[PDB]
2 protein chains.
Amino acid sequence: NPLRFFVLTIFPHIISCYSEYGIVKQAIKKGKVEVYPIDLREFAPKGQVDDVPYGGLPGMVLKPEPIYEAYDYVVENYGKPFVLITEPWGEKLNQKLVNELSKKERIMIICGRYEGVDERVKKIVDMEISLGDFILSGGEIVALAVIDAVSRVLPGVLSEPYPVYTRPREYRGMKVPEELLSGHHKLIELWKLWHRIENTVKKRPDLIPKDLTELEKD
Amino acid sequence: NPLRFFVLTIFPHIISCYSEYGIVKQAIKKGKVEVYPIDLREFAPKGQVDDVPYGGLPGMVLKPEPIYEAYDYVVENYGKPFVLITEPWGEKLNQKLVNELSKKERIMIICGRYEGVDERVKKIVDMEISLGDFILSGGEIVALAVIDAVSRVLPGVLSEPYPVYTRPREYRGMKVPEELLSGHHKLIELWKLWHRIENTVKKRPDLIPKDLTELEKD
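Rules used in this analysis
- Residues numbered from 1 in each chain as written, not as in the entry; some residues may be left out.
- Chains lettered and ligands numbered in written order.
- Heavy atoms only, no water.
- Pairing = 2+ DSSP bridges.
- Helix = DSSP H or I, 4+ residues; strand = E, 2+ residues; numbered from the N terminus.
- Contact = heavy atoms within 4.5 Å.
- Axes fitted to C-alpha atoms, helices over the stretch in contact; angles between N-to-C directions.
- Buried < 20%, exposed > 50% of the residue type's maximum accessible area, 1.4 Å probe, protein only.
- Parallel < 35°, antiparallel > 145°, perpendicular 65-115°, else oblique.
- Left-handed = near helix turned anticlockwise from the far one by under 90°.
- Nonpolar A, V, L, I, M, F, W, Y, C, P; charged D, E, K, R; others polar.
- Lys, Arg positive; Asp, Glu negative; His and termini not counted.
- Salt bridge = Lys/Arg side-chain N within 4 Å of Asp/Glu carboxyl O.
- Least-squares fit on C-alpha atoms.
- Polar contact = N/O pair within 3.5 Å; in protein donor to acceptor, adjacent residues only side chain to side chain.
- Core = buried A, V, L, I, M, F, W, Y, C linked by side-chain atoms within 4.5 Å.
- Buried area = accessible area lost by both parts, 1.4 Å probe.
- Arc of directions from axis to C-beta.
- Expected span 1.5 Å × (residues − 1).

Per the PDB record, the structure was determined using X-ray crystallography to 2.60 Å resolution.

Okay, structure coming up:
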């Protein structure tokens, strides 16, 4: 009962492709996760997987039938999945959800597109990724982010997981902080850098620009 | 002619695979954007992209040389890029940025990995995608989101930019709200469901689950 992911999308290759590298690929290779891209079009008549919405709107919406059909196919061939939906405007998860999800066994991620998914689908939706603050054209990227975040918090995948520096001791004249270089007589000093700088970057995510509008209304 | 992206990554194919579909492909098709995946490995001087960090930390950090070399190449062959970095733990952008970025000509996105990027890279970084509340194993997914978001608000790409329903009028016994259904005698009534339901799903991102441990914390 390795964690199985079932991603519903009109672009399955994007999912296959992301699973061939990094931690997702490591997770799969170690039998800790499986990722199944389900092509919505294989559950639809003339690939018409979207249609003109009602009440006159400028675009198209994903139909109920192919999504329900693909749901059934998954419940039948694998167990009943925990159904997650990523809409074109929804991308605001946190470590909480990731952890929660990491404890599951079967996950179906519906990748929203266009003007969204027909509400009748919500009847089999368990969770919806809340609005984020920017717009994508589809849910794939969020699905991958989910798959990514979850995969790396699974036991057996990740071995053992302030500014950081690496080998090149001096490059283009830029030199690593001598603190970080010696350090038995730095055990506590290296821990100085650690803090003396680990907080500066925490209250400084990005300057001043919008900081004058947010702070200025608190 | 044509907003150009340069994506520094050790997983080029992830980027090339996302560009073959959706809005990014359309933008590329129409000549509104170009996406150049830049393989970090092909720019590693002594063939080494990552190395052990100083101050003794559990892992590896991306080295400066290959990123600086890649940057240099971009500058010589295409023009100096506005440099953006997405770190393994950084995913909180907004429609604000997306728009600002769409007005640019050259963007290079340095995809983070491991324990991060040697700080010395920061000297040529213009903007940093702030922390986001969840952790990814790399910046690829954030890079793609950025490419996606920007591409869709470009002029010439998208043909002219509450619950939704589509053409199956009745399915599995589930029927579309009649009320959205006819309507001259609904030109205001369709605007009722529009609102009467447009607020429920806005103050109800989720449910009761985190509200008790966060709404009461403040």
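Asker: Would you take a moment to explain the sheet that holds strand β5 (residues 82–86) of chain A for this structure?
Answerer: Strands belonging to one sheet form pairs held by backbone hydrogen bonds; the direction of such a pair is parallel or antiparallel. Residue and element names in this part refer to chain A. Spatially, the 5 strands line up as an open sheet ordered β2-β1-β6-β5-β7, and their pairing is parallel. Each having just a single partner strand, β2 (33–39) and β7 (127–128) make up the two edges of the open sheet. Bridge analysis of strand β1 (residues 3–9) against β2 gives 7 bridges, and the strand direction is parallel. Bridge pairing in β2 places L3 opposite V33. Sitting on the sheet, helix α3 (residues 64–77) touches β1, β2, β5 and β6 (106–111), and the angle it makes with β6 is about 165°.

Asker: What's the story with unusual backbone geometry in this structure? I'm lost.
Answerer: For residues besides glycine, phi is generally negative; the peptide bonds are generally trans as well. Residues and elements named next belong to chain B. In this structure, the amide linkage connecting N1 to the following residue, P2, adopts the cis form with an omega of -25°. One can find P2 in the segment before β1 (3–9). Unusually for a residue other than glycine, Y114 sits at a positive phi of about 55°. Tracing the backbone shows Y114 in the loop between β6 (106–111) and β7 (127–128). Of the residues examined, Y114 reaches a relative accessible area of 30% and is grouped as partly exposed. A positive phi angle, close to 95°, is found at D133, a residue other than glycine. Take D133: it is sitting in the loop between β7 and α5 (140–152). Judged by relative accessible area, which is 53%, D133 ranks as exposed.

Asker: What am I meant to see in the packing of helix α2 (residues 22–29) of chain B against α5 of chain B here?
Answerer: All names here are of chain B. At their nearest, the axes of α2 and α5 sit 9 Å apart, and the two run at 60° to each other. Taken together, α2 and α5 sit at an angle that is classed as oblique. As α2 runs across α5, the sense of the crossing is left-handed. Between α2 and α5, the contacting residues are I23, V24 and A27 on the first element and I147, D148, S151 and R152 on the second. Looking at the contact of α2 with α5 residue by residue, the class counts come to 4 nonpolar, 1 polar and 2 charged.

Asker: Which parts of the structure should I look at to understand the side chain of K186 of chain B?
Answerer: All names here are of chain B. You can see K186 is positioned in the loop between β9 (174–175) and α6 (190–196). Within the buried set, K186 has no salt-bridge partner at all; the shortest N-O distance to an opposite charge, 5.7 Å, is to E189. Setting aside its immediate chain neighbours within four residues, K186 contacts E178, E179, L181 and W191.

Asker: Would you mind showing me how to read the relation of the copies chain B and chain A here?
Answerer: Here the two chain copies are tied together by a rotation about an axis and a shift along that axis. Each copy of the sequence occupies a distinct position, and chain B is placed on chain A by a rotation of 179° and an axial shift of 0.1 Å, giving an RMSD of 0.8 Å. What we have between these two chains is a two-fold relation. The share of interface residues of chain B whose copies in chain A are also at the interface is 99%, consistent with both copies meeting through the same surface.

Asker: When you look at the side chain of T86 of chain A in this model, what are you seeing that I'm missing?
Answerer: Residue and element names in this part refer to chain A. Mapped onto the fold, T86 is located in strand β5. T86 sits in the buried class, given a relative accessible area of 0%. Here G139 takes part through its backbone oxygen, which lies 3.1 Å from a polar atom of the side chain of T86. Apart from the residues within four sequence positions on either side, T86 is in contact with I109, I110, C111, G112, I129, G139, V142 and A143.

Asker: How do you make sense of the nonpolar core when you look at a structure like this?
Answerer: In globular proteins that are soluble, nonpolar side chains generally tend to be buried together. Counting residues in each nonpolar core, the largest one holds 117 residues, and the members touching the most others are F5, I109 and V146 of chain A together with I110 of chain B. Residues within four places of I110 of chain B in sequence aside, it is in contact with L8, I67, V83, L84, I85, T86, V121 and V125 of chain B.

Asker: Please explain the interface of chain B and chain A as it appears in this structure.
Answerer: Reports of interface size often rely on the accessible area that becomes lost once the parts have come together. Between chain B and chain A, the residue contacts involve 69 residues of the former and 69 residues of the latter. When the buried surface of chain B facing chain A is broken down by residue, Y54, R120 and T166 of chain B rank first, second and third, together holding 13% of it. On the surface where chain B and chain A come into contact, there are 2 salt bridges. Residue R172 of chain B is joined to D72 of chain A by a salt bridge in which the shortest nitrogen-to-oxygen separation is 2.9 Å. For the interface between chain B and chain A, the tally reads 28 residue pairs in polar contact. Of all the secondary-structure elements, those providing two or more residues to the side of chain B that touches chain A are α1 (12–18), α2, β4 (61–62), α3 (64–78), α4 (95–102), α5, β8 (170–171) and α6 of chain B. Split into classes, the residues belonging to the side of chain B that touches chain A amount to 37 nonpolar, 10 polar and 22 charged.

Asker: I keep staring at the environment of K92 of chain A and nothing clicks. Help me out?
Answerer: The residue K92 of chain A is located in the loop between β5 and α4 (95–102) in this model. Between the alpha carbons of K92 of chain A and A70 of chain A there is a distance of 26 Å; along the sequence they are 22 residues apart.

Asker: Looking at this structure, how should I read α4 of chain B?
Answerer: An α-helical turn contains 3.6 residues, so any two residues separated by three or four positions project in the same direction. All names here are of chain B. Regarding α4, the residues found buried are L97, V98, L101 and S102. The buried side chains of α4 occupy one side of the element, clustering within an arc of 135° when seen end-on. Looking at the buried positions of α4, the neighbouring elements they touch are β1, β5 (82–86), β6, β7 and α5.

Asker: Where do I start with α5 of chain B in this structure?
Answerer: Across its 13 residues, α5 of chain B extends 18 Å between first and last C-alpha, which sits within 8% of the 18 Å expected from 1.5 Å per residue. Of all 13 residues making up α5 of chain B, 13 are buried, and the element is well covered by its neighbours.

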